[PDB]
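Below, each chain spelled out in residue letters.
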Amino acid sequence: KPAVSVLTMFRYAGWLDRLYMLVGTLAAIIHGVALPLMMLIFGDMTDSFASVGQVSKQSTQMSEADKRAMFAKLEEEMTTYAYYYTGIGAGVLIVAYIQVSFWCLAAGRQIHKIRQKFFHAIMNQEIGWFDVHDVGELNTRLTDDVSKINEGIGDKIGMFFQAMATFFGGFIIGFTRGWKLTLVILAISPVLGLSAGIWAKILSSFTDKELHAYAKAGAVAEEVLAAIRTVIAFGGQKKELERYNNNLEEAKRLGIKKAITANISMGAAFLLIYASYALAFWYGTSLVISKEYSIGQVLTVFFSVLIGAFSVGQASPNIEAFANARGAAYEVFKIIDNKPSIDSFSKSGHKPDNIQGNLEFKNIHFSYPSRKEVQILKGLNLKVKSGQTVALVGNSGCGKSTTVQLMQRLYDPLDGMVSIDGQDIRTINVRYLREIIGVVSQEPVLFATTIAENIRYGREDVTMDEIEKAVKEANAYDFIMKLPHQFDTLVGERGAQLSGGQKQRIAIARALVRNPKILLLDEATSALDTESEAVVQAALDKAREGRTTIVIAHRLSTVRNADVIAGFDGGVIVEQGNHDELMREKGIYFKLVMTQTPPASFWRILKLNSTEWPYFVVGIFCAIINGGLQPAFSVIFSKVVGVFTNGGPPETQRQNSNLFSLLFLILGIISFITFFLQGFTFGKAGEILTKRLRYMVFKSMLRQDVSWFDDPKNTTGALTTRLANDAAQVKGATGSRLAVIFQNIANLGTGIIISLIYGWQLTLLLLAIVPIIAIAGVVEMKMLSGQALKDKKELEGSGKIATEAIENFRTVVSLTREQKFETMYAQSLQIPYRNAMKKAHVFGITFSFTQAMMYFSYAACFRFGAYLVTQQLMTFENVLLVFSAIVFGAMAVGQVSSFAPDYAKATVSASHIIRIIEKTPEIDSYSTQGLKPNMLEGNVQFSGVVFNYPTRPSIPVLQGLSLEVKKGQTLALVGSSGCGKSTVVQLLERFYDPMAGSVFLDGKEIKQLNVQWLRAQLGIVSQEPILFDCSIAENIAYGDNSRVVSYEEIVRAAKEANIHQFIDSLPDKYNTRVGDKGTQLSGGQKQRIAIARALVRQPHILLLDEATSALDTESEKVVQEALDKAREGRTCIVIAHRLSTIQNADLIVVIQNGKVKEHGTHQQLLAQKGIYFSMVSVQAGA
């Protein structure tokens, strides 16, 4: 919404840039003008043949006489026009190059200046300006915005003025050569713009509908694939598939409806286009019979106006390009034009010498630009004498840090003054101030360069001698020497990750080269290991003694030797003096002292598609007839112009034009039928395989085992995404592109034969030209992408050192040396700049070549078509025929190159979708194998089990685990911590088989048992029960599948689970919708419902996994009450964390590091002492 004045935007264009734009925009206008002049000549040529065509047929008496005057006229005429054509080709060749080159030259030169100035501005902004602004957004704003500006001031403008020139140029020639047809053409203009208007309305509306449609099906999948371990446990995999099939069923019906309407629209649009196109010509013919116009003129005015009309459509996108560019240039220039109060690039202000380092802070009130929300410094008084060292102490706010912040004049104080020596800090030059102040910070930063270089960021002028003494006086010398490469080592975020205490010591070495008179040390010792702290501490102490120093830390070991200690409370200075005095004050200080002591052949996807043997043949057969249909229009138009051109005695003509204009319209309406057909057939074909695929994919996805689902690569979102993209992407490839590609090959193949058989060697020649300009047209786009990529790589490297410069910024300003970063940036950019010059040279040649080739190619059409071919009997009427036939056959092949990528993107998206079906599990619920025992009663035998999780085969959870629990009794399970407790419940459900060892239920091995039937007997109840959206009765009825449960059954279950209080209370009762689409309710109820699911199944085995985990107060009591009523009739394993409620259990078993450590009844473990007595002691006491 905010934008920029048109003249500001060019502020960096002067002299040449200005001139370049003018010569370019000039050349561009000439270029544009060229094309309608070309079409103007086309009417003159028509007239020349037309005269002879009228006289040739007027003879029917003499022959040899016509071999003279006719040929002579054509000779002088044709040679003239051809000469002019060649004349226009050289023109467009020159102006095209001028056009693109100059405008790109302007672009390059300005953007270079935009770029430099911008970064310079960024580095100049005061720190408060950063504190309010997102650095991330700013740098991404840098690279992305300047590119938009580039797109805006580029050759896009040249293209705009070219388009206007064609628009004006066309309409002028249209109007002058006649007023009538132009206004008749202007009359049909609003109709073609309206139909395209119906398109923007249909597309925008229906695009959301399909997205809205699958959003429903994809909502089924998302709650399922998130809830998977629940559907696997309860084996509802046939149900969730059925639901997904139902939603897919609806989505395809909506899809075919959309396919019907969308094809009707496109078909009707093409009718109106061909209708008006034919209508305009009919009025055109009606004016020729009246002898108002030349038949040749009609072609000139008709082509010129329509060309000039479409020029508006082709112009519009460049307006947008310019428009967007201004908007982008607003926020960039805003920073550039902004001027700071503090500068730091300004040469002004006193530069005192023999600074004695006498500091004072007078009555300073300050607030960081969180501003009025908080005031952290209320007044202040502090003096620090020359050569002394003062230590600041505080509980919170770190208002101490503020003074170190103000002392570098990062911020000017609200009221009061900071005074270095006698003078105010605001009188002295900022750069020099920062230079006479050294700084060492809690978190040290190293830029990526040699250690010599990071030490060279203290001062640009330095020698390895000064480096050496610096690190040595920082006692960083010995430790780095041991490091390989010596001072030439590397450092940064990337590579050479080092001890902090060493980094801090390089930082102290850097600050030391600065040889400052004032030293600020903030917490530098803090947040560091105790051993290396003393090492660095030695350095810090050796860094002072030449300098006055203010230091802040939480280490009171480093304070004692300070000549002055100063505490703050609420921004108010309170205590000052020597340590003993402060201890005698027994104040805040004493308080703190005491406190601290890919492409391949995948046919089979098409084989899957072969379920429709028909519908393809219909669409194909239909499209090939539409292929043969398309050039018929080119054949008519040839003979409409042709017979009228070829007419001879006129009396017959006017009747014929009517017949043609009629037939001209007939291919129009027959096209509606054929286009709607092929589109609808493929469309339905697309939606049905969209079902089969998403079905077979989802289905195969339910098959896989928890091993696959625990994977990091596959998370619920990634699967839904994988599920949508692949199905959609194969559809396009089996879809329209194939319909269209076949339409086109038939289009050209029909066009070629007609052209071939009519012209001998007419056509043969043309076919030599077009593929060459087509390939020449493809290779340009290839170079274009190449240069684009290379430029991206070069500015990526410059933008990288930019990001470095502004991400660490608050440090670089503290050291100054922003000019170093200005210069580094400059040199970085100088390569794309030289690259950007070459770019213009190339863009101009390729463009001009492609245009000149098309214009020169045209000359050959008539030169060889006349002369050598028309000297012979072979005739004009067909020359016009072939012209359209081949050229529009080629323009149709152009769609091949356009639809190339959709195939790849579909094949890659296919490459995944074939594999995802054929991947097979270790454990598949689908196999009907397994024993299906007849005997009810469950035991559970765990013997010598070892388990390591497939995702994390590092720390094993289970090592030699052995448990036994008899039927109809409760096995309590205790543990130090972890899934050791819970993994039991997972293995019995057989989400995994163990590495070694085995587990038995009735004494049979589950490993050889039926996976489905096994789970069918289990009473699983987790921490946070997921309930699908549906009737709460349907959530309960999930406890049993392959059968529908009775109302009185799910009643008995709810009665059992004590959830019935709610369920009679609600308006809907059992049909209430839950899952926080229909309704929301707390955990206590959700759990009780899960309890109902569980004992709806009537399991012989209940598994209660940390059931009361998330819960509170009475809810725990009533849920526990329900769980307790749920067991004692059944085998169960309860891993719950309430050991007060485990006190009644048949067998309690302490698990330790995978091995059962203790086991027994409660009092039995109570009699002993060990882990379990401790477990029960701590929490009952806490």
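Here is what the cut-offs are and how they apply
- Along every chain, residues receive numbers from 1 upward following the written sequence, which is not necessarily the numbering found in the entry; those without coordinates are excluded from display.
- Only heavy atoms go into the side-chain values, all of them from the structure, while hydrogens and water stay out.
- Put simply, a salt bridge is a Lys or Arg side-chain nitrogen that is within 4 Å of an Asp or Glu carboxyl oxygen.
- Think of it this way: any DSSP run of H or I at least four residues long counts as a helix, any run of E at least two long counts as a strand, and we number them from the N terminus.
- Three labels apply to residues, based on accessible area from a 1.4 Å probe with only protein chains included: buried if under 20% of the type maximum, exposed if over 50%, partly exposed otherwise in between.
- With a 1 Å grid spanning the protein atoms alone, the term cavity applies to any set of points in which a 1.4 Å probe fits but cannot get out, the term pocket to an open set with protein on both sides within 12 Å along at least five of seven lines, and the term lining residue to any residue with an atom within 4 Å of a point.
- Grid points are joined across faces, edges and corners, and a volume is the space filled by probe spheres set on the points.
- Charged residues are taken to be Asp, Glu, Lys and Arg, nonpolar residues to be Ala, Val, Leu, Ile, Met, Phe, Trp, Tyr, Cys and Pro, and polar residues to be all remaining types, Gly included.
- Note on pairing: DSSP must find at least two bridges between two strands before they are called paired.
- Handedness of a crossover is defined as follows: orient the strands so they point away from the viewer, and if the path from the first strand over the helix to the second runs clockwise, the crossover is right-handed.
- Only C-alpha atoms enter the line fits that serve as axes; for helices the fit covers just the stretch in contact. Angles between N-to-C directions range over 0 to 180 degrees.
- Oblique is the label for any angle not covered by the other classes, which are roughly parallel (under 35 degrees), roughly antiparallel (over 145) and roughly perpendicular (65 to 115).
- In this scheme the handedness of a crossing depends on how the near helix is turned from the far one: anticlockwise by less than a right angle means left-handed, clockwise means right-handed.
- Any two residues whose heavy atoms approach within 4.5 Å are treated as being in contact.
- UniProt positions are given in the numbering used here, feature names are shortened, and annotations may be inferred rather than shown by experiment.
- When we speak of the arc, we mean the arc of directions from the helix axis to the C-beta atoms.

K.L.:
How should the pattern of salt bridges be read in this particular structure?
P.N.:
Opposite charge on two side chains permits them to pair, given that their charged atoms come into close proximity. Under the criterion given, the structure shown has 31 salt bridges. The residue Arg-109 makes a salt bridge to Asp-17 at a minimum N-O spacing of 3.3 Å. A residue pair is termed long-range when its members are at least 10 positions apart, and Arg-109 in helix α2 (residues 69-124) and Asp-17 in helix α1 (residues 16-57) qualify at 92 residues. For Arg-109, a relative accessible area of 33% translates into the label partly exposed. When the shortest N-O distance is used, the salt bridge between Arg-1043 and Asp-1040 registers 2.9 Å. By relative accessible area, which is 34% here, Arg-1043 ends up partly exposed. The network of salt bridges with common partners includes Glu-210, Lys-258, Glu-687 and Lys-731.

K.L.:
I tried to follow empty space enclosed by the protein on my own but got confused; where do I start?
P.N.:
One simple way to see leftover space: roll a probe sized like a water molecule over the atoms. Of the voids in this model, the largest cavity is the one considered here, and its volume is about 90 Å³. Lining the largest cavity, in full, are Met-935, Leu-936, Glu-937, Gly-938, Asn-939, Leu-1001, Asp-1002, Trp-1013, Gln-1017, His-1100 and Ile-1101. The residue inventory of the lining of the largest cavity, partitioned by class, reads 5 nonpolar, 4 polar and 2 charged. Estimated volume of the second largest cavity: approximately 80 Å³. Lining the second largest cavity we find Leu-521, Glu-523, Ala-524, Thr-525, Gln-537, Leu-540, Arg-544, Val-551, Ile-552, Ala-553 and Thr-558. Elements with a minimum of two residues in the lining of the second largest cavity: α15 (530-543) and β7 (548-552). Residues that form the lining of the second largest cavity fall into these classes: 6 nonpolar, 3 polar and 2 charged.

K.L.:
Just to check I follow, could you spell out the pairing of β7 for this structure?
P.N.:
Successive side chains on a regular strand alternate, one facing one side of the sheet and the next facing the other. Where burial is concerned, most of β7 is hidden: 5 out of the 5 residues are buried. Pairing geometry for strand β3 (residues 389-394) and β7, over 4 bridges, is parallel. Each bridged residue has a counterpart across the sheet, and for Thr-389 the counterpart in β7 is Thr-549. Across 5 bridges, strand β6 (residues 518-522) lies against β7 in parallel orientation. Paired with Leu-521 across the bridge in β7 is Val-551. In terms of handedness, the path from β6 via α15 over to β7 forms a crossover that is right-handed.

K.L.:
Help me understand the packing of α2 against helix α24 (residues 762-807) in this model?
P.N.:
How two helices sit against one another is set out by the angle between their axes and by the gap between those axes. Contact geometry for α2 and α24: axes closest at 11 Å, N-to-C directions at 15°. Between α2 and α24, the crossing angle belongs to the class labelled roughly parallel. The crossing of α2 and α24 is right-handed. When α2 is examined against α24, the residues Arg-115, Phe-119, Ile-122 and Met-123 are found in contact with a partner set consisting of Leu-795, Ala-802, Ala-805 and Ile-806. Counted by class, the contact of α2 with α24 contains 7 nonpolar, no polar and 1 charged residues.

K.L.:
Help me understand the UniProt feature "domain: ABC transporter" in the protein in this model?
P.N.:
Per the UniProt record, "domain: ABC transporter" is annotated on residues 359-595 and 940-1178. Span residues 940-1178 is 33% helix and 23% strand, its end C-alpha atoms 31 Å apart.

K.L.:
Looking at this structure, I do not really get helix α12 (residues 464-473). What am I missing?
P.N.:
Residue pairs three or four apart in sequence face the same way in an α-helix, which turns once every 3.6 residues. Among the residues of α12, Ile-467, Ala-470 and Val-471 are the ones counted as buried. Seen end-on, α12 carries its buried residues on one side only, within an arc spanning 90°. Along α12, exposed side chains directed more than 90 degrees from the buried face belong to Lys-469 and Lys-472. Of the surrounding elements, those touching the buried residues of α12 are α11 (451-456), α13 (477-482) and α14 (500-513). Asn-475 lies just past α12 and shows a positive phi near 45°.

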